[PDB]
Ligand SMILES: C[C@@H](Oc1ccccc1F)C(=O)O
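Next up is one chain by itself, shown in structure tokens, the form deposited without this ligand.
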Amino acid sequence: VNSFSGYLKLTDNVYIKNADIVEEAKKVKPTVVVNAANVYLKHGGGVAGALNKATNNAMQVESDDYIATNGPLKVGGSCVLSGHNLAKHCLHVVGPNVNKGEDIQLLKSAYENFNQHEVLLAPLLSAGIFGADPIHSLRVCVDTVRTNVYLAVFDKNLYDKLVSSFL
């Protein structure tokens, strides 16, 4: 049994809810919240900008030190950093950004990072300002992630379309 409430069950392991991931993290304090990161961990807008704002910029400060030591992530890669006031840990995952021309086949590699964590609160990778089709992102998630994933969908209209169209 876990703390997550009000989710629709899509599969054995994938759950979905219309919710602001920031407000959901603040309520649940999950072991892992996933950030929709870029390779520079520059948390400017969307999931990354909203999560970072909720940490009062502490996520960005920690991220800048990580990049100064380790250099950029790979598209499809991830790193584990602090969850600050939102979660125990933040898994920063880089999905491909279609608005930069990145290979959408890298979306499966991105979701494979989730399998290193038994339970996660996450957004749909490569959705929103990353430019991918969120219906596709949800299909890759279901077909890739084997651990228990609680997906927060920021937009109500999109949430209803994701549920109604789910195979």
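A residue's number is simply how far along the shown sequence it sits, counting from 1.
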Report summary line: Higher of the two mean Cα B-factors (95-103, 138-146; per PDB record) comes from 95-103
Query - Of 12-20 and 152-160, the one with larger mean CA B-factor - result: 152-160
Query raised in the report: Of the choices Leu124, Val32, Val28, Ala58, which one's C-alpha carries the largest B-factor in the record?
Result: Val28
Query raised in the report: What third of its chain, lowest, middle or highest, does the C-alpha temperature factor of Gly49 fall into?
Result: lowest
Report task. Report the third (lowest, middle or highest) to which the CA temperature factor of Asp133 belongs, ranking only the modelled residues of the same chain. Result -> highest
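The protein also exists as the form solved in complex with this ligand; that form is not presented, and the subsequent description refers to it.
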Query raised in the report: Hey, in the deposited bound form, does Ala152 get a heavy atom within 4.5 angstroms of this ligand?
Result: yes
**Report entry** 4.5 angstroms heavy atom contact with this ligand in the deposited bound form for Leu10
**Finding:** no
**Report entry** Any non-hydrogen atom of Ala127 within 4.5 angstroms of this ligand in the deposited bound form
**Finding:** yes
